[PDB]
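Enquirer: I have a structure here, written as structure tokens, and I will follow up with some questions on it.
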Amino acid sequence: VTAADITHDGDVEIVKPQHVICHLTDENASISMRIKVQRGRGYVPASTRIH
DNA sequence: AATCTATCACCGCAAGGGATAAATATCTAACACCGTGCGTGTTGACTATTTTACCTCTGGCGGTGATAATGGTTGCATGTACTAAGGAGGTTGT
């Protein structure tokens, strides 16, 4: 599961093709997800975003 | 190894800061003069440069004293821990 398996739900370049995520094994297998992405320029903890 | 779109940004290209070099004006230094005085020259009399001679220093070193003096000094090698060797000699054994 790879960059060649993405779809662009927004404005996103991808200078990370080699970032393989996971795998599948059968001729009828599947997996799907959404992903949220951000740029900003500073840091906050995942469970101290607070408001 | 070529293609570019789409990053994070350098260029795209306006502004303005310091710089340095021109001209001026000041500084000092380099010099040319002058004057001083010293180390320019020969000569001469001095006195003590050196030599040798003489008369008489310093220090070379050889020589050995006598009322008599006639049993001496010397202090700590080391105190432990080992144990291998030689030394002893009587004897109960080879």
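Chain lettering (A, B, ...) mirrors the order of the structure tokens, residue numbering begins at 1 for each chain separately, and ligand numbering begins at 1 in order of display.
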Output as a PDB file with C-alpha atoms (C1' of nucleotides), in the first residue's frame the set of chain B residues within 12 Å of chain A, with distances taken over only C-alpha atoms (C1' of nucleotides).

Expert:
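Written output follows (part-v7.pdb):
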```
ATOM      1  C1'  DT B   5       4.990  21.749 -11.696  1.00  0.00           C
ATOM      2  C1'  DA B   6       4.759  23.625  -7.805  1.00  0.00           C
ATOM      3  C1'  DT B   7       7.750  24.171  -3.759  1.00  0.00           C
TER       4       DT B   7
END
```

Enquirer: List as a PDB file with N, CA, C and O atoms, in the first residue's frame the protein and nucleic acid residues near residue 10 (chain A), meaning an atom at most 12 Å away when only C-alpha atoms (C1' of nucleotides) are counted, but skip any in the same chain fewer than 4 places from it.

Expert:
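Produced file selection.pdb, reproduced below:
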```pdb
ATOM      1  N   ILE A   6      -2.816   6.040  -3.669  1.00  0.00           N
ATOM      2  CA  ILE A   6      -3.441   7.265  -3.133  1.00  0.00           C
ATOM      3  C   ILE A   6      -4.554   7.786  -4.068  1.00  0.00           C
ATOM      4  O   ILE A   6      -4.723   7.355  -5.210  1.00  0.00           O
ATOM      5  N   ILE A  14       3.411  15.236  -3.231  1.00  0.00           N
ATOM      6  CA  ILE A  14       3.863  14.035  -2.489  1.00  0.00           C
ATOM      7  C   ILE A  14       5.346  13.684  -2.755  1.00  0.00           C
ATOM      8  O   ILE A  14       5.648  12.612  -3.286  1.00  0.00           O
ATOM      9  N   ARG A  34      -9.497   7.802   4.568  1.00  0.00           N
ATOM     10  CA  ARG A  34      -9.145   9.230   4.438  1.00  0.00           C
ATOM     11  C   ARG A  34      -7.950   9.564   5.327  1.00  0.00           C
ATOM     12  O   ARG A  34      -7.737   8.924   6.358  1.00  0.00           O
ATOM     13  N   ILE A  35      -7.248  10.635   4.980  1.00  0.00           N
ATOM     14  CA  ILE A  35      -6.083  11.175   5.682  1.00  0.00           C
ATOM     15  C   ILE A  35      -6.230  12.703   5.704  1.00  0.00           C
ATOM     16  O   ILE A  35      -6.469  13.302   4.659  1.00  0.00           O
ATOM     17  N   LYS A  36      -6.113  13.332   6.877  1.00  0.00           N
ATOM     18  CA  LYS A  36      -6.027  14.792   7.066  1.00  0.00           C
ATOM     19  C   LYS A  36      -4.553  15.190   7.130  1.00  0.00           C
ATOM     20  O   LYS A  36      -3.766  14.481   7.764  1.00  0.00           O
ATOM     21  N   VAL A  37      -4.199  16.321   6.534  1.00  0.00           N
ATOM     22  CA  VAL A  37      -2.823  16.825   6.401  1.00  0.00           C
ATOM     23  C   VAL A  37      -2.794  18.335   6.694  1.00  0.00           C
ATOM     24  O   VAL A  37      -3.773  19.040   6.429  1.00  0.00           O
ATOM     25  N   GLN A  38      -1.688  18.815   7.274  1.00  0.00           N
ATOM     26  CA  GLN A  38      -1.438  20.213   7.669  1.00  0.00           C
ATOM     27  C   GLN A  38       0.061  20.562   7.557  1.00  0.00           C
ATOM     28  O   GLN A  38       0.914  19.671   7.543  1.00  0.00           O
TER      29      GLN A  38
END
```

Enquirer: Any idea what the distance is between CA of residue 12 (chain A) and CA of residue 32 (chain A)?

Expert: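 Calculated distance between CA of residue 12 (chain A) and CA of residue 32 (chain A) is 18.1 Å.
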
Enquirer: Neighbouring residues of residue 3 (chain A) were defined as those with any atom within 10 Å, considering only C-alpha atoms (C1' of nucleotides); residues of the same chain fewer than 5 positions away were excluded. Please report them as a list in words.

Expert: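 Residues meeting the cut-off are residues 14, 15, 16, 17, 18, 19, 20 and 21 of chain A.
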
Enquirer: Would you work out the distance separating CA of residue 33 (chain A) from CA of residue 7 (chain A), expressed in Å to one decimal?

Expert: 10.1 Å

Enquirer: Any idea what's packed within 12 Å of residue 22 (chain A), counting only C-alpha atoms (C1' of nucleotides), ignoring anything in its chain fewer than 6 positions away? Could you give it as a list in words?

Expert: residues 1, 2, 3, 5, 30, 31 and 32 of chain A
